[PDB]
């Protein structure tokens, strides 16, 4: 169930969600599946922040991606109440307090723990791990492990040289057949071996 889930690309119909190959969601049997993860994302506008998810990601049950930016609430105005979005004739002069946050971008090979919450506009680099229940309020670096609320640095998965090797080779770009030829290396800690294998194919 958490090992396989169901692939996200089949579950979504919102054009503002873009997801790469093989990425899956393990909360598939709850509610409406992956769609329930995605909060406040307008499907009928092309001028809103989108949710971009790389290939080969694993999203844990109940993860939340917060979209719609500041939801019309301006902390710096007298009131956070979104007057502009009330159908009230008295409030017709209200100014739009909506502020976009930018796209939410999740890299390739990202593992998002169960019930983590990703705040608007955050970028999570390739290979990162988001602990269960983390509240990610800032960008996460490639291969970084973070947790807590607000999420904070725990560690990196690999050495800086291994990270550079992974950033050069971009194994998620290879075909499944090419990944199948080097599956013994993919399922190992031998980053150096996989880098050498990739160079010999170039």
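Residue numbers count along the first chain shown, from 1.
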query: Per the PDB record, is the mean Cα temperature factor higher over 163 to 171 or over 63 to 71?
result: 163 to 171
task: Mind pulling up the entry and telling me whether 54 to 62 or 41 to 49 has the higher mean Cα temperature factor?
output: 41 to 49
message: Highest recorded C-alpha temperature factor, please, choosing from 132, 104, 92, 80.
response: 92
message: Using only modelled residues of the chain, where does the Cα B factor of residue 139 rank: lowest third, middle third or highest third?
response: lowest
- prompt: Lowest, middle or highest third: where is residue 156 by C-alpha B factor in its chain?
  reply: middle
For residue 31, the third of its chain into which the C-alpha B factor falls: highest
